[PDB]
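Number of protein chains: 2
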Amino acid sequence: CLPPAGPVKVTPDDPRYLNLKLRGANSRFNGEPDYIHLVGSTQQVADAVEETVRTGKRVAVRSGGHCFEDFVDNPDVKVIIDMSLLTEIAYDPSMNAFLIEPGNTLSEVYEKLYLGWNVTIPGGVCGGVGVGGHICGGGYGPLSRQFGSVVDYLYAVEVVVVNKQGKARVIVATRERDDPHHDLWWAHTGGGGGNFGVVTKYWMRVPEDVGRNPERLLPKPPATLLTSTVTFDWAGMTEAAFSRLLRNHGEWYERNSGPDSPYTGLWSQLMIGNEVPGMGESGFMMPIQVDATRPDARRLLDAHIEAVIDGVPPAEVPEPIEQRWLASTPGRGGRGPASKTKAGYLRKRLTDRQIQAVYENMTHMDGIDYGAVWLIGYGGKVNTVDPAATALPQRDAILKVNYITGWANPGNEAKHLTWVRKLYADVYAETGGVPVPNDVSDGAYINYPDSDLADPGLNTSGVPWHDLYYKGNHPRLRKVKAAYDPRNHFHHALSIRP
Amino acid sequence: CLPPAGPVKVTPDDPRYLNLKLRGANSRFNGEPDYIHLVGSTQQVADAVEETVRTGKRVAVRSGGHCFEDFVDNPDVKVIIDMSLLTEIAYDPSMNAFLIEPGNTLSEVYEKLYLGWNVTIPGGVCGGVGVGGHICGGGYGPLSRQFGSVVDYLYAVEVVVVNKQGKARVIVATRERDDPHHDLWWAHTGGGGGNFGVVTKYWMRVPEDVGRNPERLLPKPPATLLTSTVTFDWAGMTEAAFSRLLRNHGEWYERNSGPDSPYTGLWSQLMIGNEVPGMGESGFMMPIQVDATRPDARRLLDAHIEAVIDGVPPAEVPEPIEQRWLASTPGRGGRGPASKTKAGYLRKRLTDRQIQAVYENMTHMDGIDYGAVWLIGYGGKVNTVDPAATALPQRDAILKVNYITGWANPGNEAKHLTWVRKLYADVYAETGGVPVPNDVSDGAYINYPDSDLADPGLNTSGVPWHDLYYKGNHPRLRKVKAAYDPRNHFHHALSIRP
Ligand SMILES: *Cc1cc2c(nc3c(=O)[nH]c(=O)nc-3n2C[C@H](O)[C@H](O)[C@H](O)COP(=O)(O)OP(=O)(O)OC[C@H]2O[C@@H](n3cnc4c(N)ncnc43)[C@H](O)[C@@H]2O)c(*)c1C
Ligand SMILES: Cc1cc2nc3c(=O)[nH]c(=O)nc-3n(C[C@H](O)[C@H](O)[C@H](O)COP(=O)(O)OP(=O)(O)OC[C@H]3O[C@@H](n4cnc5c(N)ncnc54)[C@H](O)[C@@H]3O)c2cc1C
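In the order they appear, the protein sequences are chains A and B. Counted the way the deposited numbering counts, the first sequence spans residues 26 to 523. Counted the way the deposited numbering counts, the second sequence spans residues 26 to 523.
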């Protein structure tokens, strides 16, 4: 048993500074903090937080740096509390749950959970994403249809909070109702990070009583995944062929995203993008994976493809290769390109005029390096939980839809922004440019933040940003915010305001 | 301090088996063990070793799986002890040194040592190389010319050994003179892994008394590095131009590998290979890095280049890019292609007839997917230590030469093996086809093991394999081998035998 790495205050002249300053995934955002505070223990965080209160310096937390907005990297932020050293992944006998510290990467968590106890959490696809912001934002992934969101497995949370006088306090907030700080736990079941305080620990556990046996405490990953990726050719893709595909795909998820459907083990995202000769994971492709544990795994995959590619000429279907769980270790580089992604939920399939709006903007994209629309699979075991039981209100969705643009040169930022905002405003034109909760839309997802939803120039409808993300859960979140962060010390562009 | 990850005994029907079986780097080697023993603590290691004594099963340890031989992955090995869970990197006040556990990936070690204390160890370039085999095998890297080998910083080691009755015993061996197990420490200063017992902990520390301050205990890495990669075109690479280059590069390292040399902060490996259509880090190239902390880094860089590329027409020199320490460590996958690499030391430059031999074999390479001769920069601060002081005798060399082949198809192995062995036998033709300690050669390096040297067919000289690797230090290693492994429980193709 050893002492943790002590607190290190990384000033601009210190050689580590530039590394910690630029470790954000999105290269759009550049903050110039006074110092970056590296922490190794909960107490070090408390000492860091108190100093930011005492000095009146704007503080932001960072674990993975995979924030889509400038919540960490902006001119106004003067202190970055960097959770890089807090990387513990172990079973806690005291809590009878798995302790996952914020500074861990999803790739590092899946790795340690798999080899150690043959378990996993239904988190993000990307290996490079950090735990801290991912979980309390309501993390989901390719196993979410089979197990739910990660927040459905969040038992407890250790948070550092500031009282009105300005002093730090460490609270362990649990799931149980007899806990005095039940509200604080609930705020972290998809309430988004950078609001209530600094999370120093996550405790992950299956809600049901499975005894002290640790291998039952978290979802068991499929031993093998039966994987296939369907390619589509733009050159032969007409409007009629495009409308058919999205209708086929949308309809399939309308009737196969049930909680007790045999397609809970199947996940696929339809990636509608332009082709970049060098950039991998682009173009017009549809990665599809199914749980291969069941003997009828191949039928489920085959019945999925043919329903989607029915009457769709330009489609390429290779032979489904059965690969093991974590056969190839992820971690898509470090510093990514400058990008802007806008998000929306789907209860039903995209309307025919929305599909038309997608095709129009995908056809008209001159001077765009990368521009895509992804239709990520959702629902299933997610839609068993009450909209109010967790901080995530969207317990009705079948698809998550993202609108992405990327660019190599910062000079063309405005050029790309216009296109992705034109795409977004054309699709949700009938509901004031934004996915207002409807029979089709259900709102937005806080792990995909969009500061345009708070801007009056980009959100023409009267519906505010916080109603789009939180819906009926919003009034409760302000109640938590005012209780645990009355000084409003933790804030950003899309922070909860009392 | 939560209890360590429990001992999981991975049987063949277990979903984890194939992942843990195939996590070796070189895909030429396969093995079918009865079980793979994952361990979380030193006690779990000792218990696993005793079980293999009781069952009589042949055992092999694994950290990063980056063995260039069949030491871990061979049909005879029935138990793998996997150290993946033992990944601790913290400051140890008891030893006043840095505790680094074997299961750690090198990339992770530099990352945590840099962030936590602004320190580093002068070890390997490759990211996914495990600490376990690396340090006890006399690990080296770019900073070795300025700091020496990693073994020059090895203060202590925790080893699990077996007495002749078959019982496990945990021993902590230190650098100190009075230590009753000084020999066991010396055994791990370049003696190679898989010999004396299972290494469960390393302790890294500067020899000088620097006090209790952790920031002083290890070398502080350069803040920034000045980098350049000189490309060479095979199209204009005649025999005269080739001989000129290797003579220039050879003679430069003859004059500039002194411990007092200003070029101790400069490192360059000459990669003489064929350009593989779709695979980076191959072809005819020469990456050069220099410590940008020095006031004349650019004057030293260009001086090194102009001397090497002197009278070499197809040399292509780019503009030098300055990048910070650990600016980006991407990680080039996990499972690499099947390769066979043969190594050797160089005290002086390759003779004209040896350069002739290289050019001859680099011209004629039909069916060869990849084939290269690497001349890795060495010496400098390494050469300060006495040959007998550590287990590494070669404290005189200026370069480390590697002879590498690579194939994509398992069928084409025999063809590739013939060519690389032809290359090796052609270069060392005067001294029995091996680098017998000479005016030029100085044996081989143990972290690049070569079982061909123990083979009487491929090694046709009156010099055995161990005299090449260990030289004068071999007799003493046999003594330590007999003292701490009398049963010879830990053995492979190139293990120390009494
Ligand atoms: C694949 C690879 C290797 C490299 C590369 N570049 C290097 C460099 O730039 N400098 C170097 O000094 N070395 C470089 N190497 C070679 C590696 O350093 C060696 O091949 C190491 O031996 C690798 O160690 P490891 O990752 O642990 O490989 P394993 O197969 O796990 O172990 C090898 C050997 O070690 C024995 N052993 C004894 N005790 C232990 C413990 N406690 N833990 C692990 N292993 C132990 C094993 O029995 C086995 O025989 C660049 C690249 C791409
Ligand atoms: C390439 C990429 C791929 C992605 N893939 C997926 C995916 O597959 N599935 C999915 O659901 N999401 C995905 N996301 C979105 C991701 O889940 C969110 O952006 C998440 O908030 C990232 O958190 P982080 O800690 O890694 O990054 P950060 O920027 O460190 O965290 C974001 C926010 O968390 C706040 N925060 C508050 N407390 C803490 C704390 N204790 N530790 C850390 N941060 C804290 C920070 O202040 C910041 O505002 C992806 C994002 C990227 C960039």
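Each residue gets a CB set at the ideal place from its N, CA and C atoms; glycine is no exception.
The beta strand (DSSP E) enclosing residue i, as first and last residue numbers
i: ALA193(A); result: 193-199
i: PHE172(B); result: Counting along the chain, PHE172(B) falls outside any beta strand (DSSP E), though it belongs to the alpha helix (DSSP H) covering 169-172.
i: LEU63(B); result: 60-63
i: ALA397(A); result: 395-402
i: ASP204(B); result: Where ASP204(B) is concerned, there is no enclosing beta strand (DSSP E), given that its DSSP letter is neither H nor E.
i: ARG87(B); result: 84-87
i: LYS46(A); result: Run containing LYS46(A): none in the beta strand (DSSP E); it sits in the alpha helix (DSSP H), 42-46.
i: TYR116(A); result: 114-117
i: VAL104(A); result: 104-107
Pick from the options that is closest to residue i, judged by C-alpha positions
i: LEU110(B); options: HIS159(B), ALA30(B) and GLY158(B); result: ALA30(B)
i: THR443(B); options: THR366(B), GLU455(B) and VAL426(B); result: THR366(B)
i: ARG272(B); options: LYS373(B), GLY153(B) and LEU138(B); result: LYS373(B)
i: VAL182(B); options: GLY173(B), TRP211(B) and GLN190(B); result: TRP211(B)
i: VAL255(B); options: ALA363(B), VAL333(B) and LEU63(B); result: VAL333(B)
i: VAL383(A); options: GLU347(A), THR77(A), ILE429(A) and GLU341(A); result: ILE429(A)
i: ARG202(B); options: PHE221(B), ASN188(B) and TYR180(B); result: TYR180(B)
i: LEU493(B); options: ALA416(B), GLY89(B) and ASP335(B); result: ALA416(B)
i: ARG230(A); options: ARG269(A), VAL223(A), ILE160(A) and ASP101(A); result: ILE160(A)
i: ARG241(A); options: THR67(A), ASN121(A), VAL175(A) and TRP350(A); result: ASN121(A)
i: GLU279(B); options: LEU375(B), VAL301(B), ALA368(B) and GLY217(B); result: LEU375(B)
i: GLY215(A); options: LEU295(A), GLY163(A) and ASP510(A); result: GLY163(A)
i: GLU385(B); options: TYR403(B), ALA450(B) and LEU424(B); result: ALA450(B)
Contacts of residue i in chain A (Cβ-Cβ under 8 Å)
i: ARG41(B); result: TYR139, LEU140 and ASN143
Contacts that residue i makes with chain B (C-beta to C-beta distance below 7 Å)
i: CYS26(A); result: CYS26
i: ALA248(A); result: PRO40
Chain A within 7 Å of residue i, Cβ atoms only
i: residue 13(B); result: As displayed, chain B neither begins before 26 nor continues past 523, which places residue 13(B) out of reach and without an answer.
i: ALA317(B); result: no
i: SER109(B); result: yes
i: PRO355(B); result: yes
i: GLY89(B); result: no
i: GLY49(B); result: no
i: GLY359(B); result: yes
Interface residues of chain B facing residue i [CB-CB closer than 8 Å]
i: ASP117(A); result: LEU27
Interface residues of chain A facing residue i [CB-CB closer than 9 Å]
i: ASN44(B); result: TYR139, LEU140, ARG349, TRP350, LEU351 and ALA352
i: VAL33(B); result: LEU140, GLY141, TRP142 and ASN143
i: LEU124(B); result: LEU27
Beta-bridge partners of residue i, as assigned by DSSP
i: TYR227(A); result: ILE125(A) and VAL182(A)
i: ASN427(A); result: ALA368(A) and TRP399(A)
i: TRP432(A); result: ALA363(A)
i: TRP292(A); result: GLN314(A)
i: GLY155(B); result: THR130(B)
i: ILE297(A); result: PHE309(A) and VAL398(A)
i: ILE471(A); result: Partner(s): none; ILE471(A) has no beta bridge.
i: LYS34(A); result: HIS62(A)
i: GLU75(B); result: Answer is none; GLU75(B) lacks a bridge partner.
i: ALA340(A); result: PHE257(A)
Beta carbon proximity, residue i to chain B, threshold 7 Å
i: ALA71(A); result: no
i: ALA30(A); result: yes
i: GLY173(A); result: no
Near ligand 4: residue i beta-carbon under 6 Å from a heavy atom
i: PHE54(A); result: As far as ligands go, the structure on display features ligand 1 and ligand 2 and does not contain ligand 4.
Delimiting residues of the alpha helix (DSSP H) encompassing residue i
i: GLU347(A); result: Here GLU347(A) belongs to no alpha helix (DSSP H); instead the beta strand (DSSP E) covers 346-349.
i: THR415(B); result: From DSSP, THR415(B) is part of no alpha helix (DSSP H); its letter is neither H nor E.
i: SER268(A); result: 264-279
Within chain A, partners of residue i - CB distance below 7 Å
i: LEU168(B); result: Per Cβ cutoff of 7 Å: no residues; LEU168(B) is ~15 Å from chain A at best.
Chain B residues whose Cβ lies nearer than 9 Å to that of residue i
i: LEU63(A); result: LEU140 and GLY141
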